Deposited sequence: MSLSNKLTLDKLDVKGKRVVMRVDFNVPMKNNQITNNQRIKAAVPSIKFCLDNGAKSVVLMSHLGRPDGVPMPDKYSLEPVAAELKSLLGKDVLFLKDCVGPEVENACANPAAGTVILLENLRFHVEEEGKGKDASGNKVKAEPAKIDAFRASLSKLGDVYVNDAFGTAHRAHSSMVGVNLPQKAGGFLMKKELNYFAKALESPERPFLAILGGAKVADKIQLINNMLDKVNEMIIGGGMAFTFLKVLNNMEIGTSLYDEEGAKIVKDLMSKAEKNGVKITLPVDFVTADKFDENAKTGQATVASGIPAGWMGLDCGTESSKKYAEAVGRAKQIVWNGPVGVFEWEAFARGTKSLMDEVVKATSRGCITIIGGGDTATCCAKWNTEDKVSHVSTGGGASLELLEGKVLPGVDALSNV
């Protein structure tokens, strides 16, 4: 699973060379204001490395949002990201208003030593994804010749290629799998992410506990299945749990999330767990709400009492947190993916906060702790992933096209 077999940046000579580098700068924004810069900071070590080892230039390219192959510079520009990178680098970032074409190529052909360039959003061109939508919202497909010419343009921007875009590594997009340079190395973020997930999934310290939260079950059946073959314990929490509780324990769940497709395979999953000796910890109590709202009336219920009158469970309860904390207590390795409550809303955040507390504690006493960033919870853990969709693929046992496209050693 690791990058052990692939060319990496640490064994790539960059002195005197232009580095074209694909990063995941697809950060959360609001009114063209960045609201979480973790993805930017995470790329800094590879960038600083290139600079400190004499790279003539570092050309950065990324997508942002899903403009679907039409320029939306007033909604999805990376310009704000150039300013943020400058502050983090403590160095000028030259921002270009496009990512391919004669002007961008001229700009990148032979820059003054040490220049850092950020290109404009790759997805302003339908050739990045290979498909998209026209200006009228009709789906469109990119044309092979134009995809080729798009790729050839990007490839002209450097002498060697580094992909540090772990967050995008599940996407076989042009900048990810289509750069035609002989040396294609993974950066430090790509390497670090893959080392942590490879350790956890191939060679974990045991007991190995997976904490799987989130909402829907149907789309996580493969994930759960694969994890049941690797873990010793598994917490199944968040909206997902109600499907298991209704099916396995006859629980009355009110209007709580229920996955009819998921319910059909629940017993199969649990049979697999029991055969494998995996201890499953589901919630035993809940914070309830009379409506799906931040300011709903709240209540408390257990599995035994049921969730009442059209009410829904939006967080686990105090006793669930204890069960979770015991499982965390027993873990030497933890992978946490998906939230266990609706923690954006403070009345339903307690479950998540207690659990993060337990996971931070475990780290302090030597537990290897891997959490997702963003959807899972709100640097006192071993590894916070920058890739949610991408890590999900890894957890399901799938291949990362961004990783396969790299040169072997």
property	result
Regions of the deposited sequence not represented in the model	379-386
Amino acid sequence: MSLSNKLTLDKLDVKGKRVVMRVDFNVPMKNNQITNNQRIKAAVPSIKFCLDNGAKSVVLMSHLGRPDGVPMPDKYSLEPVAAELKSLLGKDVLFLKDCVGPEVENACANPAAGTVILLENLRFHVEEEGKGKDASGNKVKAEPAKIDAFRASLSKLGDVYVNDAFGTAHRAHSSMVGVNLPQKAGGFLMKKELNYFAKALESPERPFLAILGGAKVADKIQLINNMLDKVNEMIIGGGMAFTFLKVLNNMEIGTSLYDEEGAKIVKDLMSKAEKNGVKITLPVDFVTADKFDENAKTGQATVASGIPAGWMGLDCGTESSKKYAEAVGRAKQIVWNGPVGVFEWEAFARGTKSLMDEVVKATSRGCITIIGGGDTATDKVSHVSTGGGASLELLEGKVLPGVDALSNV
From here on, numbers count along this sequence of modelled residues.
property: Residue range whose averaged C-alpha B-factor is higher in the record, 132-140 or 321-329; result: 132-140
property: 199-207 or 277-285, whichever carries the higher mean Cα B-factor; result: 199-207
property: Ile34, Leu60, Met356, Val340, ranked by C-alpha B-factor: the highest one; result: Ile34
property: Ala172, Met270, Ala218, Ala165, ranked by C-alpha B-factor: the highest one; result: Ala218
property: Chain third (lowest, middle, highest) by recorded CA B-factor, residue given as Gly389; result: lowest
property: Where the record places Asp24 (Cα B-factor, split into thirds across the chain); result: lowest
property: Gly373, C-alpha B-factor rank within chain (lowest, middle or highest third); result: highest
property: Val403 - which third its CA temperature factor falls in, relative to the rest of the chain; result: lowest
property: Position of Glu233 among the chain's modelled residues by C-alpha B-factor, lowest, middle or highest third; result: lowest
